[PDB]
Structure formats: structure tokens, C-alpha cells
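Proteins get letters first, then strands, A, B, ... in listed order; numbering begins at 1 in each. Values below: every heavy atom of this structure, side chains too, minus hydrogens, waters and symmetry copies.
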Amino acid sequence: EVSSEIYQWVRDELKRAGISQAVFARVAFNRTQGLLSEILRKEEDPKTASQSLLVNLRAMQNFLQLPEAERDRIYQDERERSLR
DNA sequence: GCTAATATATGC
DNA sequence: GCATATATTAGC
């Protein structure tokens, strides 16, 4: 259900949109920066990923399927709250 | 499994 | 140097 390229997709998205891990972790799968940093460092194959990790990856995958304009609008608003 | 704190790294 | 972002990891 989760693509083996999810990690590559997240990295490309962060660079594309120019956003922090904090913002993406919050809007994409409702978690914090450190958790995403670790998730990205380990790059655990979805095929052997734990239930909690799959939940997180699936949420990310789903978010990425949203229109680019909508993802960007979502990031812009979260960044404002984050700055606060 | 995670969040929150914090040592380091970044971009201006 | 200031304001943020990322890597680590102690404490729930």
C-alpha cells in the first residue's frame, strides 16, 4: 500500500517546496520534526516497516497525492503558525 | 513510538 | 550574529 519510493518522494517534495521537516511532518502525517528526521535517516523498506511506521508513511503518501497548489497552500499557512 | 530539548549546522 | 532548520537522544 506504501510505495518503496516514498522516501525519495518526500525528499524531492521538501526540496521542491523549500519547506522544513517540521512543517511537512505536521501537515503530512501529524508528527514532529525529529520523528521525520529519523524516519528519513533509516529509510526503512516499507515491505518490512512496523505498523506505526506504515501508518506514518501512508499518511505522507496520501498527502503527496494532493494537488501541488493545495500542498503549497497548506505549507504556507503552517509556516505562519510555526513562526509564531 | 514520540515529543520536546538542545547541540550543531544553515542561510542570510 | 540572528533566526531557523536538522540531527540526536533523554524522558514519558
Side-chain angles (χ1 to χ4, degrees):
Chain A
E1 199 172 10
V2 169
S3 171
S4 61
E5 281 179 295
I6 183 60
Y7 299 116
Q8 184 54 54
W9 293 346
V10 172
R11 290 181 180 277
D12 294 336
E13 177 67 357
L14 297 173
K15 176 169 189 161
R16 182 196 69 68
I19 74 278
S20 64
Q21 295 172 354
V23 164
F24 184 85
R26 179 56 59 199
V27 308
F29 65 118
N30 210 31
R31 297 283 188 276
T32 57
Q33 180 267 318
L35 192 68
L36 180 55
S37 186
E38 279 296 87
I39 288 177
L40 292 175
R41 177 182 68 77
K42 297 171 185 176
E43 297 191 17
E44 202 103 306
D45 179 3
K47 311 296 179 299
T48 67
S50 67
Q51 275 231 303
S52 64
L53 173 56
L54 279 181
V55 172
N56 294 322
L57 298 171
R58 289 173 187 154
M60 286 186 247
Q61 183 164 289
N62 292 338
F63 183 87
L64 289 179
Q65 294 172 187
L66 297 177
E68 185 175 289
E70 184 158 2
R71 303 203 305 276
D72 285 345
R73 170 175 46 262
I74 288 170
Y75 300 147
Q76 306 302 156
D77 293 324
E78 181 53 29
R79 179 184 292 183
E80 299 187 6
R81 312 196 185 84
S82 190
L83 79 80
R84 189 175 187 171

**OP:** In whole angstrom, give the distance that lies between atom CG of A:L53 and atom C1' of B:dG1.
**Re:** 11 Å

Original post:
Does OP1 or OP2 of B:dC2 have a side-chain N or O of A:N30 closer than 4.0 Å?
Top reply: no

**OP:** Could you pull out all residues at least two apart from A:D12 that satisfy side-chain hydrogen bond (donor to acceptor under 3.5 Å, both in side chains)?
**Re:** A:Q8

Original post:
So, A:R31 and A:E38, do they make that salt bridge, N to O below 4.0 Å?
Top reply: no

Subject >> Protein proximity profile, nucleotides 2-12 of chain C - base contact B, sugar-phosphate-only contact S, no contact -, cut-off 4.0 Å on heavy atoms >> reply: ---SBBBB---

Subject >> Crowding at CD, A:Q65 (>12 non-hydrogen neighbours, <6.0 Å) >> reply: yes

Subject >> Length of the CG-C1' vector between A:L36 and B:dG1, whole Å >> reply: 15 Å

Subject >> Heavy-atom side-chain contact between A:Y7 and A:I39 under 4.5 Å >> reply: yes

Original post:
Should the ring pair A:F63 and A:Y75 be called parallel, tilted or perpendicular, given that the plane angle runs from 0 to 90° and is split at 30 and 60?
Top reply: tilted

